[PDB]
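Residue numbers (this note's numbering), protein chains in the order written: chain X, 39 to 404; chain A, 7 to 352; chain G, 1403 to 1452; chain H, 4 to 201; chain E, 10 to 59; chain S, 538 to 761.
Here is the structure we will look at.
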Ligand SMILES: *[C@@H]1O[C@H](CO)[C@@H](O)[C@H](O)[C@H]1NC(C)=O
Ligand SMILES: *[C@@H]1O[C@H](CO)[C@@H](O)[C@H](O)[C@H]1NC(C)=O
Ligand SMILES: *[C@@H]1O[C@H](CO)[C@@H](O)[C@H](O)[C@H]1NC(C)=O
Ligand SMILES: *[C@@H]1O[C@H](CO)[C@@H](O)[C@H](O)[C@H]1NC(C)=O
Ligand SMILES: *[C@@H]1O[C@H](CO)[C@@H](O)[C@H](O)[C@H]1NC(C)=O
Ligand SMILES: *[C@@H]1O[C@H](CO)[C@@H](O)[C@H](O)[C@H]1NC(C)=O
Ligand SMILES: *[C@@H]1O[C@H](CO)[C@@H](O)[C@H](O)[C@H]1NC(C)=O
Ligand SMILES: *[C@@H]1O[C@H](CO)[C@@H](O)[C@H](O)[C@H]1NC(C)=O
């Protein structure tokens, strides 16, 4: 700490001691069903852009390594999460949205975009988390005559809110004269076909898009990845894993009156203080393991090599991981005497340390 | 606003005004001397029980070493301030068991052996008036481990690497120094501050004090009972005003409130995101791959380092102000108590 | 600017303590002036004879 | 004419607060102290104001410095003439030389220069593509403009905290000077000081 | 280079702030030394422990 | 129908998140009903459909199953998907599609593109029932509270924090709003939410006992 090969006389704050964790704890809900990711990635025809199909996924074990074996994609673009970490972490709800768009507007499926699909057909929220999967579908969704089974909205009278779907087909009005159900002058049908052909360029090919949106909330967890749950041990400094988030601390029984809809407790500094076990309905407190400061009391190297260690702010008659108790911590390696001299090396509340012949040792005194 | 009462003193070139009586006035001056000693652990505050964040924090150089050096210098300076204010006497003097000092009553400022902390009545009132912030100078990990009632601010400060160090001199030693100064001043006068303590009766000492201010010493020897009664009434008025009014000690309370508020703001700054996706470190570790979490952790590291640097700078400025006040208090201890001052309004 | 304010809310309480420091300085200036000048108890006047 | 510096400071959130005591109240305090020290002497600072003729007060002041009081009563006209000539010389020196009041002008110049630097720091890019915030908002989508706005916010916050830190240090220096001025008011005006070069 | 520039600006500003605080302390000590030159050497002092 | 006006009287505060907090003063920004606002008193003895202006708030001083069900959506009788809730003594049916409706939507005691269907527990078990409806980012949320009263004249003076019920992902456009009545003298209060900033107070038991606005009066801005 001093970056020197010799030390003077005094007290020095060197390092900090910390009780290391011993065991590991994984706590996940007891679910055995497998998620229907196989039923969403293959279909004869996907839904259109304006009528995109949302699938509700819950109460199953989700393996994301089988997504790669179900479709030949490249753009596995995730926004609030990494693709490699989707099995370790846990959440509460999955929604899968399926539609077929053109190749030039794949970049419009992103948060905070402006265009044709994003403004009028399918909008993603600004704080969106999840993954967007898109792959080419030239073999299945292209015909030489021209596809008329896929539609997109041309224009609307207002913008679209995120995750809003409309089905209605009304003739657009762009003037004072009403349409009255006739698509004549200033009257256009909003549904326009894509018209996919195999002779088109690479930017006009059909693309099958599957968008996974993950609910990262404080609801109880229903759907997430496979991790084996171990036994729960209390009053030990362990590493815990409660529904995805990890930490190091000691778990005790809690007298906090959690409401039935609540899951987590928080402190002033937005750290987790109380947690609910996912398997049994109980509340556990999270408090860190033992820590503190370490001070070293020494004379000079030209005098002696003996040191005394002060563990600041702990009660080492109880937890210690010549012993004297002080108001400034506790003292190891210095023998207390019932005398009174001038203060040589200060320690704390009226206690000083010196190095005298009463055979040489470090003494402590008032 | 009103500046004061309107007056017009009657000046004439052959007229003078001379007092025919006097009053004895006892006034109270309060000066801060020291403040709260703090120590901050960087690895526990910025990252906390994490290895990747510690390895990214070691790449920033020696910001935390000089922050720790500044805090250690402040902590040594506070004990130096207390030592230069109070530890001025070479020997611990004791008052005699007889309590007759010419009719002057010193019972409310001299200590009593009825309690283990030998403090006077006025010292007890001053200690009861200032509501402390319950700092961590006494170890409190046993109370922080046992989850009772609700989590306090002291445990939240302690769990994030902020620790309050106890002062070198306890309150009993400050009270003993004050009692030694009082005994020397009452018995010897100003002679104990310039060498050995030469005893003198209190009436003759107060007659010397009247010769200091330009009054003939026969005035005390003719009005000793009146002067003793005026001093006793002034001391009783001081005791009444300290038992009744609670706003006189606002400087020490302001010191305690500032030292609590800085640590509370330092704890509250840990819930900020600083442009990252989350303020929680473990969620960033468990939700992202290596490079993106490195970016988010570096944003959090820069924000927490800036907040800690701001705290250390404000502590240094407050320590400079407290050192100036302690130098003034030591000068007033040397010049008002150990002697008689001819300086006006000092 | 609303977007700048929403991104400035994420930085915590830096501006609160900046405003606290500036308010303390502004109070201290008037305290300095009152400590220097406001020493006399009563507003005395000189006689009209000079 | 043109845009002033004060309007540019006011339009960007920087405001100067007026002092609590006006110049008339400070002049009233000065006049009260002058009338008290002219009529009473040092008696008005130790309690009630007791009048005394000014010649007898000057005899008291001469007896304070170790000169016998008959010297004043024998050279009163010469002492009054010397005092009047010295006061006239101070009048002429303040009317002629402008270099005496440099400390107060230094205070005014520092307080103006810090705010001018704080205003001028708003035109820096701080690594972004523009220093104008609306151009960043208009020229980019949400994520990239969020990055540039974060850069601008970090730079402006650093400049603001630098200004606050130097203002705190200058406030400490000004408070030390004000404590010295209060001591000099208590010891030179309300009494007679035996301290050398005070 | 922007990361290096930000780090070196922060280190230089920390050095300048510490130098300013130390200059304030040295100025206070120099004022005390000037007062002790004026009152102890150029005259005789009646102040106790001065 | 009869329209009257009543002071809101600092009522209609809900929990902003599913996170336990104890002995803390928390500040949040969410769609809240402002304090001492102007809610509308409606008497059902008689009916155009009410607006849904960024969220609504209910109170109802009656009991049993005389009041039940709500209708959400922009239009009626197809042409737009519409959110529909039916409550009874056994079940709750939440369903979002077109349906067939008359000019007076009511449930008697004695469709084309239809997607979302939902079933859960009944909402119900000197009787006030509070309700807060919100529609943010294609999600629809219900908050509710069950509190008694001493005198049945107006809204009480006190704090009753509303707890969430369900977090439905409806994802339609909701601009107009119609309520449902049961036919074989119903009173309800309507108040509209606004983007206000609050300062909530939590006790040692974790429940909200006090709150303040931040733009009601300058004292509340000082407390902010
Ligand atoms: C696609 O999924 C279906 C189940 O919906 C399955 O029957 C079919 O074999 C899958 N396609 C391939 C090529 O395996
Ligand atoms: C999961 O464990 C809890 C705890 O006893 C139990 O009540 C519940 O029935 C279990 N669930 C399953 C599906 O086994
Ligand atoms: C903590 O230290 C105090 C000081 O001596 C002691 O009285 C108390 O028993 C200790 N607590 C334990 C050992 O749990
Ligand atoms: C003294 O005062 C009186 C009036 O108070 C005045 O008439 C007289 O001239 C004064 N003495 C001198 C020498 O001016
Ligand atoms: C001094 O004062 C105390 C309380 O004011 C009183 O009890 C005591 O008797 C007094 N001393 C004498 C000698 O009267
Ligand atoms: C609500 O608004 C109506 C509009 O006329 C008014 O009559 C009524 O007094 C208002 N309620 C209040 C202010 O409580
Ligand atoms: C959809 O809602 C928005 C506001 O919520 C409104 O402006 C718009 O007119 C609505 N759309 C239709 C077709 O009414
Ligand atoms: C918190 O709950 C306990 C348990 O009944 C109760 O005794 C106490 O009064 C409650 N505190 C409140 C309501 O402030």
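C-beta: ideal position from N, C-alpha, C; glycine also.
- Item | Residue span of the alpha helix (DSSP H) that contains residue 56/X, given as start and end | Residue numbering aside, residue 56/X sits at position 18 when the first chain is read from its first letter. Per DSSP, residue 56/X lies in no alpha helix (DSSP H) segment; the continuous beta strand (DSSP E) that holds it begins and ends at 48-56.
- Query: Quick one, which of 548/S, 541/S, 557/S has its alpha-carbon nearest residue 323/X's?
  - Reply: Here residue 323/X is taken as the residue at index 285 of the first chain, counted from 1. Nearest neighbour of residue 323/X by Cα position, chosen from 548/S, 541/S, 557/S, turns out to be 557/S.
- Item | Same chain only: Cβ atoms within 8 Å of residue 727/S, ignoring 5 sequence neighbours per side | Within the sixth chain, residue 727/S is the residue found at index 190, counting from 1. The residues are 576, 577, 579, 587, 593, 594, 595.
- By a C-beta neighbour count over all protein chains shown, 10 Å radius and 16 as the cutoff for buried, is residue 161/X buried or exposed? Your numbering for residue 161/X matches position 123 in the first chain. Buried, because 16 or more other Cβ atoms sit within 10 Å of the Cβ of residue 161/X.
- Are the C-beta of residue 186/H and some C-beta of chain B separated by less than 9 Å? The question asks about chain B, but that chain is absent: this structure's protein chains are X, A, G, H, E and S.
- Task: Please report the residue range of the beta strand (DSSP E) in which residue 95/X lies.
- Result: As a working mapping, residue 95/X is identified with position 57 in the first chain. Per DSSP, residue 95/X belongs to the beta strand (DSSP E) from 91-95.
- Assign residue 53/A to one of two classes, buried (16 or more other C-beta atoms within 10 Å of its C-beta) or exposed (fewer than that). Locating residue 53/A in the second chain gives position 47, counting from the first residue. With 16 or more other Cβ atoms within 10 Å, it is buried.
- Query: Are the C-beta of residue 147/H and some C-beta of chain A separated by less than 9 Å?
  - Reply: Indexing the fourth chain from 1 puts residue 147/H at position 144. Closer than 9 Å: no.
- Would you mind giving the Cβ-Cβ distance between residue 671/S and residue 730/S, rounded to the nearest angstrom? I have them listed as a contact below 8 Å. Numbered from its first residue, the sixth chain carries residue 671/S at position 134. Numbered from its first residue, the sixth chain carries residue 730/S at position 193. At roughly 7 Å, the Cβ-Cβ gap stays under 8 Å, so residue 671/S and residue 730/S are in contact.
- Query: Relative to ligand 4, what is the chain-ordered list of residues with a Cβ closer than 7 Å to any of its non-hydrogen atoms?
  - Reply: Going along the chain, the residues that qualify are 18/A, 19/A, 20/A, 1451/G.
- Are residue 58/A and residue 325/A touching if we call contact CB-CB under 9 Å? Here residue 58/A corresponds to residue number 52 of the second chain, with the count starting at 1. Here residue 325/A corresponds to residue number 319 of the second chain, with the count starting at 1. Residue 325/A sits away from residue 58/A, with the two beta carbons spaced by 9 Å or more.
- Task: Please name the residues in the stretch 15-37 of chain H whose beta-carbon is closer than 9 Å to at least one beta-carbon of chain G, in chain order.
- Result: Of all residues in the stretch 15-37 of chain H, only 20, 22, 23, 24, 28, 29, 31, 32, 33, 34, 35, 36, 37 place a beta-carbon less than 9 Å from a beta-carbon of chain G.
- Query: Which residues, taken in chain order from the stretch 24-45 of chain E, show a beta carbon closer than 9 Å to some beta carbon of chain A?
  - Reply: With the criterion set as a beta carbon lying under 9 Å from some beta carbon of chain A, the members of the stretch 24-45 of chain E are 26, 27, 30, 33, 34, 37, 41, in sequence order.
- Message: Could you tell me the alpha carbon to alpha carbon distance between residue 360/A and residue 269/A, rounded to whole angstroms?
- Response: The displayed coordinates of chain A run from 7 to 352. Any statement about residue 360/A would go beyond what the structure contains.
- Task: Measuring from each Cβ to the nearest heavy atom of ligand 1, keep the ones under 6 Å and list them in chain order.
- Result: The set of residues with CB atoms less than 6 Å from any heavy atom of ligand 1 reads, in chain order, 76/X, 77/X, 80/X.
- CB contact check: residue 277/A to chain G, cutoff 9 Å: By 1-based counting over the second chain, the position of residue 277/A is 271. At least one chain G Cβ lies under 9 Å of residue 277/A.
- Mind checking residue 168/A: buried by the 16 CB within 10 Å criterion, or exposed? One-based indexing of the second chain puts residue 168/A at position 162. The residue in question, residue 168/A, is buried, as its Cβ has 16 or more Cβ neighbours within 10 Å.
- Item | Test: residue 153/H CB closer than 9 Å to a CB of chain X | Counting from 1 along the fourth chain, the entry for residue 153/H is found at position 150. It does not; no Cβ of chain X falls within 9 Å.
- Query: Who does residue 5/X pair with in a DSSP beta bridge?
  - Reply: Only positions 39 to 404 of chain X appear in this structure, which leaves residue 5/X out of reach.
- Query: Does DSSP put residue 45/X in a helix, in a strand, or in coil?
  - Reply: Along the first chain, one-based indexing puts residue 45/X at 7. The three-state secondary structure of residue 45/X, taken from DSSP, is coil.
- Message: So residue 199/H contacts chain E; which residues on that side make the cut at Cβ distance below 7 Å?
- Response: Locating residue 199/H in the fourth chain gives position 196, counting from the first residue. Using a Cβ-Cβ cut-off of 7 Å, residue 199/H is close to 47, 48, 51, 52 of chain E, given in chain order.
- Item | Residues near ligand 2, criterion Cβ-heavy atom distance below 6 Å | Checking every Cβ against the heavy atoms of ligand 2 under 6 Å gives 68/X, 317/X, 318/X.
- If you measure from the beta carbon of residue 138/H to each beta carbon in chain X, is any gap under 9 Å? The residue you call residue 138/H lines up with position 135 of the fourth chain. Taking 9 Å as the threshold, the shortest C-beta distance from residue 138/H to chain X does not fall below it.
- Message: Measuring straight from C-alpha to C-alpha, what distance separates residue 272/A and residue 49/A?
- Response: If you number the second chain from 1, residue 272/A lands on position 266. If you number the second chain from 1, residue 49/A lands on position 43. The straight-line gap from Cα to Cα measures roughly 15 Å.
- Query: At least one CB of chain H closer than 9 Å to the CB of residue 149/X: is that the case?
  - Reply: Reading the first chain from its first residue, position 111 is the one you call residue 149/X. Interface residue, yes.
- Task: Using only the heavy atoms of ligand 6, determine whether one of them is closer than 8 Å to the beta carbon of residue 539/S.
- Result: Here residue 539/S refers to the residue found at position 2 when the sixth chain is read from its first residue. No, the beta carbon of residue 539/S sits no closer than 8 Å to any heavy atom of ligand 6.
- Item | Anticipated Cβ contact below 8 Å, residue 250/X with residue 134/X, distance rounded | As a first step, residue 250/X must be located in the first chain, where it is residue number 212. As a first step, residue 134/X must be located in the first chain, where it is residue number 96. 6 Å between Cβ atoms; contact.
- Apart from the five residues just before and just after residue 52/X, which ones in its own chain have a Cβ nearer than 8 Å to its Cβ? Position 14 of the first chain, counted from the first residue, corresponds to residue 52/X. Excluding sequence neighbours, residue 52/X sits near 39, 332, 333, 334.
- Message: Tell me the DSSP secondary structure of residue 691/S in three-state form.
- Response: As a working mapping, residue 691/S is identified with position 154 in the sixth chain. Residue state, collapsed to three classes: coil.
- Identity of the residues DSSP links to residue 250/X by a beta bridge: On the first chain, position 212 is the one that residue 250/X refers to. DSSP lists 134/X, 169/X as partners of residue 250/X.
- State the beta-bridge partners of residue 671/S as determined by DSSP. Translated into the one-based positions of the sixth chain, residue 671/S becomes position 134. For residue 671/S, which the question treats as bridged, DSSP gives the partners 678/S.
- Cα-Cα, which of 673/S, 751/S, 678/S, 632/S is closest to residue 656/S? As a position in the sixth chain, residue 656/S is number 119, starting the count at 1. Selected option, being the one with the closest Cα: 632/S.
- Task: Specify, as a first and last residue, the run of the beta strand (DSSP E) that residue 6/H falls within.
- Result: For this step, residue 6/H is matched to residue 3 along the fourth chain. For residue 6/H, no beta strand (DSSP E) segment is defined, and its DSSP state is neither H nor E.
- Message: Are there any heavy atoms of ligand 7 lying less than 8 Å away from the beta-carbon of residue 671/S, as far as the coordinates show?
- Response: Here the question's residue 671/S lines up with position 134 in the sixth chain. Set against 8 Å, the gap from the CB of residue 671/S to the closest heavy atom of ligand 7 is not smaller.
- Query: Is it true that the stretch 17-24 of chain A meets the stretch 393-402 of chain X, where meeting means three or more beta-carbon pairs spaced less than 8 Å apart?
  - Reply: The stretch 17-24 of chain A, when compared against the stretch 393-402 of chain X, does not touch it at the 8 Å Cβ threshold.
- Message: For residue 1/H, report the span of its alpha helix (DSSP H) as first-last.
- Response: Since the first residue shown for chain H is 4 and the last is 201, residue 1/H is missing from the structure and cannot be characterised.
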